[PDB]
Amino acid sequence: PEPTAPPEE
Amino acid sequence: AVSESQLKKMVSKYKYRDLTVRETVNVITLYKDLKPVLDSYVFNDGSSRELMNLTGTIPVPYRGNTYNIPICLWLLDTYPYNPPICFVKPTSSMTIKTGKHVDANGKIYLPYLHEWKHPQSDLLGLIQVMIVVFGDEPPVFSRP
């Protein structure tokens with residue numbers, strides 16, 4: 001699955 | 001995981017290939033998101049040498065979600081205890097966040113190896129510690 005990473009707030 | 005078979009073959013050098021393959025599989029067996037990669041670089045006075053490494057997007061949980069954060073680390077042979085080379089490999093559409101754990105290149109800070117070395121911890125625990133840190137704070141939170 002693609003990374004991207006979790007956003008903030 | 002059909003390469004796993006070829007993996008042990010891609011190495012068959014490590015002090016404990018089996019023990020290693022077992023440690024690797026265990027990891028991917030715990031995450032299932034990671035994947036063992038092979039690399040060939042020079043070392044012995046500049047002599048090509050087979051070197052393994054883990055890569056993939058780990059399911060980083062949140063306050064009510066679970067994203068995927070990329071990570072790549074070089075797996076040593078068996079010394080001094082664990083691979084000190086453990087850095088994140090973010091994309092280009094991401095946004096690395098500088099901190100005490102990360103600087104900018106996405107290289108995990110702190111001694112770690114020169115900290116715990118219980119050792120107690122295991123290859124899994126290693127990626128687990130980072131997951132705990134990468135889970136609390138944004139290692140490279142992307143933008144909408």
# chains A, B, ... in the order shown; residues from 1 in each chain; ligands from 1
call {"tool": "residues_around", "arguments": {"residues": "stretch 1-9 of chain B", "least_positions_apart": "6", "cutoff": "8 Å", "atoms": "only C-alpha atoms", "output": "number ranges by chain"}}
result
B: 17-18, 21, 25
call {"tool": "residues_around", "arguments": {"residues": "residue A:4", "least_positions_apart": "6", "cutoff": "9 Å", "atoms": "only C-alpha atoms", "output": "ChimeraX atom specification"}}
result
/B:67-70,90-91,93-94,140-143
call {"tool": "atom_distance", "arguments": {"atom1": "atom CA of residue B:27", "atom2": "atom CA of residue B:124"}}
result
5.4 Å
call {"tool": "select_by_dssp", "arguments": {"residues": "chain B", "states": "strand (DSSP E or B)", "output": "PyMOL selection string"}}
result
chain B and resi 34-42+48-61+66-75+86-87+107
call {"tool": "write_last_selection", "arguments": {"atoms": "N, CA, C and O atoms", "output": "compact mmCIF listing (two decimals), in the first residue's frame"}}
result
# COMPACT_ATOMS: atom_id res chain seq x y z
N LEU B 34 5.82 -4.98 5.22
CA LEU B 34 7.23 -4.82 4.92
C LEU B 34 7.66 -5.88 3.91
O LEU B 34 6.96 -6.87 3.71
N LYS B 35 8.81 -5.64 3.30
CA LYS B 35 9.34 -6.56 2.32
C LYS B 35 10.87 -6.48 2.31
O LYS B 35 11.44 -5.39 2.24
N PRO B 36 11.52 -7.67 2.40
CA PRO B 36 12.97 -7.74 2.40
C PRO B 36 13.54 -7.50 1.01
O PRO B 36 13.16 -8.17 0.05
N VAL B 37 14.43 -6.52 0.93
CA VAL B 37 15.06 -6.18 -0.34
C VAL B 37 16.53 -6.58 -0.30
O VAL B 37 17.12 -6.71 0.78
N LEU B 38 17.10 -6.77 -1.48
CA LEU B 38 18.49 -7.15 -1.60
C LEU B 38 19.28 -6.00 -2.24
O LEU B 38 18.77 -5.31 -3.12
N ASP B 39 20.51 -5.84 -1.77
CA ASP B 39 21.37 -4.79 -2.28
C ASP B 39 22.80 -5.31 -2.37
O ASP B 39 23.23 -6.11 -1.54
N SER B 40 23.51 -4.83 -3.38
CA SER B 40 24.89 -5.24 -3.59
C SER B 40 25.79 -4.01 -3.67
O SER B 40 25.78 -3.29 -4.67
N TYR B 41 26.56 -3.80 -2.61
CA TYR B 41 27.47 -2.67 -2.55
C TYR B 41 28.89 -3.13 -2.22
O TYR B 41 29.10 -4.27 -1.83
N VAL B 42 29.83 -2.20 -2.38
CA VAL B 42 31.22 -2.50 -2.10
C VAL B 42 31.52 -2.18 -0.64
O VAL B 42 30.90 -1.29 -0.05
N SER B 48 32.53 -5.66 -3.93
CA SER B 48 31.10 -5.94 -3.94
C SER B 48 30.75 -6.96 -2.86
O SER B 48 31.46 -7.96 -2.69
N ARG B 49 29.67 -6.69 -2.15
CA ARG B 49 29.22 -7.58 -1.09
C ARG B 49 27.70 -7.53 -0.97
O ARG B 49 27.10 -6.45 -1.02
N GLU B 50 27.11 -8.70 -0.80
CA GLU B 50 25.67 -8.81 -0.67
C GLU B 50 25.22 -8.27 0.69
O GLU B 50 25.79 -8.61 1.72
N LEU B 51 24.19 -7.43 0.64
CA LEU B 51 23.66 -6.83 1.86
C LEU B 51 22.14 -6.78 1.77
O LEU B 51 21.58 -6.36 0.76
N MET B 52 21.50 -7.23 2.84
CA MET B 52 20.05 -7.24 2.90
C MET B 52 19.51 -5.97 3.56
O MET B 52 20.27 -5.20 4.14
N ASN B 53 18.20 -5.79 3.45
CA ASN B 53 17.56 -4.63 4.03
C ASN B 53 16.04 -4.78 3.93
O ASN B 53 15.54 -5.42 3.00
N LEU B 54 15.35 -4.19 4.88
CA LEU B 54 13.89 -4.26 4.91
C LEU B 54 13.32 -2.95 4.35
O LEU B 54 13.88 -1.88 4.57
N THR B 55 12.20 -3.09 3.65
CA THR B 55 11.55 -1.93 3.06
C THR B 55 10.04 -2.18 2.93
O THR B 55 9.61 -3.33 2.82
N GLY B 56 9.29 -1.09 2.95
CA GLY B 56 7.84 -1.18 2.84
C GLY B 56 7.16 -0.13 3.72
O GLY B 56 7.82 0.54 4.52
N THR B 57 5.86 0.00 3.53
CA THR B 57 5.08 0.96 4.30
C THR B 57 4.40 0.27 5.48
O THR B 57 3.51 -0.56 5.29
N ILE B 58 4.84 0.64 6.67
CA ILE B 58 4.28 0.06 7.89
C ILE B 58 2.97 0.78 8.23
O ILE B 58 2.85 1.99 8.05
N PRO B 59 1.99 -0.02 8.73
CA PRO B 59 0.69 0.52 9.09
C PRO B 59 0.78 1.29 10.41
O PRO B 59 0.61 0.72 11.48
N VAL B 60 1.03 2.59 10.28
CA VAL B 60 1.14 3.45 11.45
C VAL B 60 -0.27 3.85 11.91
O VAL B 60 -0.98 4.55 11.19
N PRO B 61 -0.62 3.38 13.13
CA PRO B 61 -1.93 3.68 13.70
C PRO B 61 -1.99 5.12 14.20
O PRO B 61 -0.95 5.74 14.45
N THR B 66 -5.14 4.48 10.59
CA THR B 66 -3.89 3.76 10.39
C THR B 66 -3.37 3.98 8.97
O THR B 66 -3.90 3.41 8.01
N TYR B 67 -2.33 4.80 8.87
CA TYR B 67 -1.73 5.10 7.59
C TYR B 67 -0.56 4.16 7.29
O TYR B 67 -0.31 3.23 8.05
N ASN B 68 0.12 4.44 6.19
CA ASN B 68 1.26 3.63 5.79
C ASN B 68 2.49 4.53 5.62
O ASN B 68 2.50 5.42 4.77
N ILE B 69 3.49 4.28 6.45
CA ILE B 69 4.72 5.05 6.41
C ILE B 69 5.86 4.17 5.90
O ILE B 69 6.07 3.07 6.42
N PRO B 70 6.58 4.69 4.88
CA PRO B 70 7.70 3.96 4.30
C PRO B 70 8.92 3.99 5.23
O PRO B 70 9.15 4.98 5.92
N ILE B 71 9.66 2.89 5.22
CA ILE B 71 10.84 2.78 6.05
C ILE B 71 11.83 1.81 5.40
O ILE B 71 11.42 0.81 4.80
N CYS B 72 13.11 2.13 5.53
CA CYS B 72 14.15 1.30 4.97
C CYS B 72 15.34 1.29 5.93
O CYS B 72 15.76 2.35 6.41
N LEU B 73 15.85 0.10 6.19
CA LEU B 73 16.98 -0.05 7.08
C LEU B 73 17.89 -1.17 6.57
O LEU B 73 17.41 -2.17 6.02
N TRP B 74 19.19 -0.97 6.76
CA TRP B 74 20.17 -1.96 6.32
C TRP B 74 20.32 -2.99 7.43
O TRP B 74 20.46 -2.64 8.60
N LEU B 75 20.30 -4.26 7.02
CA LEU B 75 20.44 -5.35 7.97
C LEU B 75 21.88 -5.85 7.95
O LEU B 75 22.33 -6.42 6.96
N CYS B 86 18.86 2.71 10.42
CA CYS B 86 17.41 2.61 10.33
C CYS B 86 16.85 4.01 10.08
O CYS B 86 16.67 4.79 11.02
N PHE B 87 16.57 4.29 8.82
CA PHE B 87 16.03 5.58 8.44
C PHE B 87 14.76 5.42 7.59
O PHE B 87 14.56 4.38 6.97
N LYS B 107 16.56 10.42 8.80
CA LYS B 107 17.42 9.49 9.51
C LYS B 107 17.08 9.52 11.00
O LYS B 107 17.15 10.57 11.63
call {"tool": "interface_residues", "arguments": {"of": "chain A", "to": "chain B", "cutoff": "6 Å", "atoms": "only C-alpha atoms", "output": "list in words"}}
result
residues 3, 4, 5, 6 and 7 of chain A
call {"tool": "atom_distance", "arguments": {"atom1": "atom CA of residue B:125", "atom2": "atom CA of residue B:80"}}
result
16.1 Å
call {"tool": "atom_distance", "arguments": {"atom1": "atom CA of residue B:117", "atom2": "atom CA of residue B:77"}}
result
16.4 Å
